[PDB]
Amino acid sequence: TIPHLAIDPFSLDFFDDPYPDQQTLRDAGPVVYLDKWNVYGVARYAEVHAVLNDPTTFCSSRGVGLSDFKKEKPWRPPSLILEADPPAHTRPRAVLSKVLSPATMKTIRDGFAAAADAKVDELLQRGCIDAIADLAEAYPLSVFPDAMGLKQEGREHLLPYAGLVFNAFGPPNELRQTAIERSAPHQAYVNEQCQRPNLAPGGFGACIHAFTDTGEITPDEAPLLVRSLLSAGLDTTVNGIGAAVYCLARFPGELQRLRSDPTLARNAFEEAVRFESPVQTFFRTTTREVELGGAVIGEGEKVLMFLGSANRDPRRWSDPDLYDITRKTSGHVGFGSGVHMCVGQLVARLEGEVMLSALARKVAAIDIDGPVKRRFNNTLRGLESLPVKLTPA
Ligand code: HEM
Ligand SMILES: O=C(O)c1ccc(Oc2ccccc2)cc1
Ligand SMILES: [Cl-]
């Protein structure tokens with residue numbers, strides 16, 4: 001009843017060009033079985049959205065990676081929000097929701113926007129830059145660690161730790177084993193900065209500890225929630241911003257439209273998240289026998305969702321393979337959907353908007369002038385290097 005495919009969604013050939021195999025997965029049926037890893041797969045928008053919005057049947061407490069927390073030990077203490085189900089998820093979710101709230105965005109926007117304009121002005125003085133190292137990575141590093149209230153010492157551990165986290169959502173392949181092997185120094189740094197004394201006042205981390213008074217979280221829960229922001233809020237935005245610049249470099253017509261109306265900056269970034277969703281796949285675990293698209297899935301089974309595929313499903317999107325900054329992107333799953341939908345999505349959109357805004361107002365052309373190198377990760381999609389020439393407006 002369920003088609004069995006040998007496609008390995010965690011192979012380098014899949015990372016290099018996943019779109020053909022993703023059509024193969026979508027067109028094989030609403031639910032496939034991946035013999036490579038003994039997990040169910042759903043690649044269409046309909047089933048991806050259904051799974052995300054049924055948290056009771058497709059839980060997150062048994063891990064959102066391949067590993068089933070009920071069968072193996074998590075490589076680190078489980079996240080109190082990402083790897084938890086309602087009701088345990090509810091109160092930690094509400095705290096991070098308030099820490100990263102609309103009101104909070106107003107306190108940091110000016111500094112985030114100024115930092116983005118300064119970076120673009122700096123990059124235009126150099127002309128030929130690497131849109132990843134010098135922009136996609138440089139800008140988020142200049143605003144997010146400071147917004148967290150982190151000290152200057154040891155920030156080099158942040159990106160290695162984030163890449164570890166997302167590699168660990170994948171199967172026990174080379175990418176995962178190597179990341180966990182080299183991980184000890186990054187865990188020590190991250191865990192230490194999660195302690196209240198090490199977080200500068202007024203920052204995201206200090207605000208998390210400040211919510212230990214309300215009865216929503218206890219003091220011993222705050223460090224892990226700071227750990228959540230250091231795990232989820234840097235590497236994702238880096239790939240998101242890189243994807244946006246990548247799209248603008250490949251679709252010059254859309255850059256010209258963005259220039260003519262910089263107020264499209266926010267939707268241009270949202271479209272980039274749909275087009276090259278930074279998080280390509282993650283898992284749920286069934287808590288019971290469930291019928292999904294005509295297929296019966298047993299209890300305790302891992303279900304792999306193809307978020308990027310769902311964002312290019314022609315059953316849902318018109319011209320899904322076109323980057324369109326005026327597209328109505330509402331409904332894309334680049335940030336997830338349901339109770340776990342990225343609680344830091346307002347920070348991500350703020351960084352992306354103000355950066356694309358700076359580009360829209362200051363840059364006339366973005367031309368690739370060097371070898372493009374991809375960055376391989378079990379669950380993240382992004383570039384290693386994007387050599388571009390920036391022409392001032
Ligand atoms: C382009 C940027 C980003 C993308 C594409 C992204 C993607 C996602 C996705 C798809 C989920 C859902 C995971 C699931 O349902 O299992 C998620 C959850 C989450 N994200 Fe993001 N994210 C981004 C930026 C950020 C930022 C900036 C932060 C913090 C500052 C953050 C923190 C979190 C947290 C804490 C969760 C867990 C929410 C929960 O489990 O209730 N993310 N993210
Ligand atoms: O440590 C945490 O709580 C945490 C939360 C969210 C993260 O981003 C993801 C993870 C899986 C799938 C999509 C986004 C990563 C870590
Ligand atoms: Cl850790």
# chains A, B, ... in the order shown; residues from 1 in each chain; ligands from 1

$ residues_around --residues "residue 59 in chain A" --least-positions-apart "2" --cutoff "6 Å" --atoms "only C-alpha atoms" --output "VMD selection string"
chain A and resid 55 to 57 61 284 to 285

$ write_last_selection --atoms "N, CA and C atoms" --output "PDB file, in the first residue's frame"
ATOM      1  N   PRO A  55      -0.334  17.553  17.124  1.00  0.00           N
ATOM      2  CA  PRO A  55       0.767  17.259  18.055  1.00  0.00           C
ATOM      3  C   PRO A  55       0.485  16.095  18.987  1.00  0.00           C
ATOM      4  N   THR A  56      -0.783  15.738  19.204  1.00  0.00           N
ATOM      5  CA  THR A  56      -1.089  14.616  20.086  1.00  0.00           C
ATOM      6  C   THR A  56      -0.756  13.287  19.422  1.00  0.00           C
ATOM      7  N   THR A  57      -1.021  13.169  18.120  1.00  0.00           N
ATOM      8  CA  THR A  57      -0.705  11.937  17.407  1.00  0.00           C
ATOM      9  C   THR A  57       0.760  11.893  16.986  1.00  0.00           C
ATOM     10  N   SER A  61       7.989  14.973  21.954  1.00  0.00           N
ATOM     11  CA  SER A  61       8.710  14.609  23.169  1.00  0.00           C
ATOM     12  C   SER A  61       9.644  13.424  22.962  1.00  0.00           C
ATOM     13  N   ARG A 284       8.610  13.695  13.471  1.00  0.00           N
ATOM     14  CA  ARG A 284       7.655  13.477  14.547  1.00  0.00           C
ATOM     15  C   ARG A 284       7.604  11.982  14.833  1.00  0.00           C
ATOM     16  N   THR A 285       7.087  11.622  16.007  1.00  0.00           N
ATOM     17  CA  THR A 285       6.921  10.224  16.390  1.00  0.00           C
ATOM     18  C   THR A 285       5.454   9.961  16.697  1.00  0.00           C
TER      19      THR A 285
END

$ residues_around --residues "residue 72 in chain A" --least-positions-apart "6" --cutoff "12 Å" --atoms "only C-alpha atoms" --output "ChimeraX atom specification"
/A:62-63,65-66,78,172

$ residues_around --residues "residue 167 in chain A" --least-positions-apart "2" --cutoff "6 Å" --atoms "only C-alpha atoms" --output "VMD selection string"
chain A and resid 164 to 165 169 to 170 176 377 to 378

$ write_last_selection --atoms "C-alpha atoms" --output "mmCIF file, in the first residue's frame"
data_model
loop_
_atom_site.group_PDB
_atom_site.id
_atom_site.type_symbol
_atom_site.label_atom_id
_atom_site.label_comp_id
_atom_site.auth_asym_id
_atom_site.auth_seq_id
_atom_site.Cartn_x
_atom_site.Cartn_y
_atom_site.Cartn_z
ATOM 1 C CA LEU A 164 25.970 20.336 15.759
ATOM 2 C CA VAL A 165 22.381 20.676 17.001
ATOM 3 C CA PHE A 169 18.535 15.693 14.196
ATOM 4 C CA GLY A 170 19.781 13.406 11.424
ATOM 5 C CA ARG A 176 26.217 13.428 12.932
ATOM 6 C CA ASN A 377 24.013 19.519 7.133
ATOM 7 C CA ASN A 378 21.563 16.752 7.966
#

$ residues_near_ligand --ligand "ligand 3" --cutoff "12 Å" --atoms "only C-alpha atoms and all ligand atoms" --output "PyMOL selection string"
chain A and resi 74-79+157-158+160-162+164-165+168+180+183-194+223-231

$ residues_around --residues "residue 32 in chain A" --least-positions-apart "6" --cutoff "10 Å" --atoms "only C-alpha atoms" --output "JSON, numbers by chain"
{"A": [1, 2, 3, 4, 5, 25, 26, 39, 40, 41, 42, 43, 295, 303, 304]}

$ select_by_dssp --residues "range 199-313 of chain A" --states "strand (DSSP E or B)" --output "ChimeraX atom specification"
/A:279,281-286,290-292,295-297,302-306

$ closest_residue --among "A:64, A:356, A:95, A:50" --to "ligand 2" --atoms "only C-alpha atoms and all ligand atoms"
A:64
